[PDB]
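1. Quick one, what's the 3D model for this:
(chains A and B)
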Amino acid sequence: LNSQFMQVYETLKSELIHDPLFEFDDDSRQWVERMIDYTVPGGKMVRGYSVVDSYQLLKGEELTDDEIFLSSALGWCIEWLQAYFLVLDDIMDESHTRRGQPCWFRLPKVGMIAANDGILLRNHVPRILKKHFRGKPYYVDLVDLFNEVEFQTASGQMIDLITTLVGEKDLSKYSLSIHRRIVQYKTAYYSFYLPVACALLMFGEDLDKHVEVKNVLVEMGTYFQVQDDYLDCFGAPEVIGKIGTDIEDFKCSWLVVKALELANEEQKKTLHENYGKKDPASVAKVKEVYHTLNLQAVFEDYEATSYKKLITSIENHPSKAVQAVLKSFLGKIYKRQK
Amino acid sequence: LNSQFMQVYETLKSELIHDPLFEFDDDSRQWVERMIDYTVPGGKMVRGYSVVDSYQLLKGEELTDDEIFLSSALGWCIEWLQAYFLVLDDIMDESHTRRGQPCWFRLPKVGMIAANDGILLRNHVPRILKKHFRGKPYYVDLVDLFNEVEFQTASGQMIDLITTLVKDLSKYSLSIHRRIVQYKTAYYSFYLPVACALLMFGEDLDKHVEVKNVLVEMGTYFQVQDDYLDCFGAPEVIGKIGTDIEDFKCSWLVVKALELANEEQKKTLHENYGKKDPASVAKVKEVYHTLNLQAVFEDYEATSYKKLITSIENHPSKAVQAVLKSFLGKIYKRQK
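-> Numbers count the residues shown, from 1 in each chain, chains lettered A, B, ... in the order given. What follows is the structure:
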């Protein structure tokens, strides 16, 4: 159902740039169409896809043309929402590239106009919801759902920024609790809960009755980001497709907060003196501390322990349909190498 | 009701920093509370308060404490929404001060974090709506209303940005100016507050396209007045020195000048519009004076007022006429 998913993108984009709520001309229609094409469909679309996959698993049989369109539409709302956050994040972080191209705000003719473009993208989400879902009994739930997850994501970004940018760098500002809070609100609600929540609402379910599903997905999304933190330092560049810079970038990574928790006082001193320095020798001393502390084994331990909990929680769920949704998510990330 | 209005702000801000949807701690609660106080309540609050006034005028009687709270809360949603756009506008335009203080993004401990704070402010609007209106039969209409007007406003800002920033004056035109002021300002400044009051009053907005058209027209007129005052208004009254000519703004003045200018006049405008040089700024104003744009604005004002007064007095509802006449009287022949 890939070609169709992409076809749904083309239809939604075409609808957006002929939106009756706004008086377009040639230049403004061109501006938005190009902005959408640049910022929205350039990724792997895993979150988007997941709506269609999860919905298929809920039904148990093949989808109608309408179910494929509707599930893909919600998938795209998620991708639109992510694109908006990423456009702004690139601005705040002074990034240079994303998805193999200059960041939107880096183009000569875009500049800080990118900030309002990101805002436009966010507003595209209710336009899509209104066009195709306004007659559904669960319309209000979808609208509330997207606002709430957007709120949680913004709040997660907020604590990430103030933890890692406000004031002096001070590695003691970092901790496991803060790391969890950041990862949970910033990524886990929109990446893992949102897709399944979309599928559930479309299936006719009541989210008030699926808190269990939400809690598992949040846990899973937390595990997912720990894996990412780990891979940034220990994954092979030939496999993960980048050279990690979390150490240089003074990131609140699971690795540094774990190391801080395990270190003695010379190691803690080494960390404080070398973490966040763009220097290859300082980076090496950090990685050396991680090796000495055996962080690989600690992570393998965490991963083994997290997997069993998730599996246990999933199997304990009364719905077999839900289990198949959850196990599919757990399966796409467990022991991944990128 | 002014004192109750500010009390509502305190209640709303308190709810927002104890929101069970987010896991606040002391640091993040202090961050958000300070950010709200800095960015939201520092203005004149005309738009926010106009929801309370409008609802009052619809009712034709004293308000209950609940009506005072609900209409203020909607008023504050509008001020929160505006505050979010202004935080972002300051960043994009690289401004230095606003409301008598450095722009939020200019503070050394804030910087570009201001961008995500603006986003947080936007997300506070549905938090407020849901907390206080979830059980109202017009809840979905409120949420849709705010989403729609946010969309229009961001689209208006979009054409404002691309018209001015991406260079010749020939691209400027009367219809582009209309589109900019309509979408960027008129819907959130004039329609939105009345739409809020109407929904609270039990009305169906599908039945009020006429109210919408009038308010959008009134908002367009408001912006033209604003463009006029930027160049011809008294700084001693306006409280600033206009720089629209320097800023290369698609002002109503410049597009009217272009509509009327000869080849000599047009070449001068093309030569000097958008120059910081006070010599070039004064060259533009002289053209404006030669074409008698004062009398042209005077004619547009008198014509606009008569049309608006006419549409208002045709309205089937005398309570709605009171709402509309109050907005008109708030802006007619204003000097700032």
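
2. Strands along chain A, start to end?
-> For chain A, the strands defined by DSSP state E cover A:97-98, A:101-102.

3. Save these as TSV, and put in mean neighbour count too.
-> (C-beta placed from N, C-alpha, C; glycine too.) As requested, the strands of chain A are exported to TSV (neighbours: other C-beta atoms under 10 Å in any protein chain shown):
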stretch	mean neighbour count
strand A:97-98	14
strand A:101-102	14
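
4. Distance to residue A:213 for the ones you listed - can I get that in CSV?
-> Putting those into CSV (distance: least, C-beta to C-beta, whole Å) gives the following:
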stretch, distance to residue A:213
strand A:97-98, 31
strand A:101-102, 36
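
5. Looking at those, which is nearest to residue A:250?
-> Residue A:250 lies closest to strand A:97-98 among the strands of chain A, at 20.1 Å (C-beta to C-beta).

6. So is the longest helix along chain A next to chain B?
-> Selection of the longest helix in chain A by residue count, based on DSSP state H, yields helix A:65-92. Yes - counting by C-beta under 8 Å from any C-beta of the partner chain, chain B is contacted by helix A:65-92 at A:88, A:91, A:92.

7. what helices or strands is that helix leaning on?
-> Helices and strands touching helix A:65-92, by 3 or more C-beta pairs under 8 Å, 6 or more residues apart in numbering or on different chains; DSSP states H and E, are helix A:2-16, helix A:26-39, helix A:46-59, helix A:113-133, helix A:139-164, helix A:194-203, helix B:113-133.

8. Nearest spatial neighbour of residue A:42, chain-adjacent residues omitted?
-> residue A:99 (4.2 Å; C-beta to C-beta, 6 or more residues apart in numbering or on different chains).

9. just the helices and strands packed on helix A:65-92: most buried one?
-> helix A:194-203 (a mean of 24; mean count of other C-beta atoms under 10 Å in any protein chain shown).

10. Quick check: residues of the stretch 201-338 of chain A near chain B?
-> Going by C-beta under 8 Å from any C-beta, none of the residues of the stretch 201-338 of chain A are near chain B.

11. Quick check: the residue of the stretch 201-338 of chain A nearest chain B.
-> Closest approach between the stretch 201-338 of chain A and chain B, counting by C-beta to the nearest C-beta: residue A:218, at 11.5 Å.

12. Next, find the distance separating the closest residue to that residue other than its chain neighbours from residue B:260.
-> Leaving aside its sequence neighbours, residue A:218 sits nearest to residue A:188 (C-beta to C-beta, 6+ apart; 4.9 Å). Residue A:188 is 60 Å from residue B:260, where distance means C-beta to C-beta, to the nearest Å.

13. same deal with residue A:11?
-> For residue A:11, the distance to residue B:260 - C-beta to C-beta - is 45 Å.

14. circling back: need the contact list for the residue of the stretch 201-338 of chain A closest to chain B.
-> By C-beta atoms under 8 Å, 6 or more residues apart in numbering or on different chains, residue A:218 lies in contact with A:184, A:188, A:189, A:192, A:193.

15. ditto for residue A:22
-> With C-beta under 8 Å, 6+ apart, residue A:22 has these contacts: B:151, B:152, B:155, B:183.
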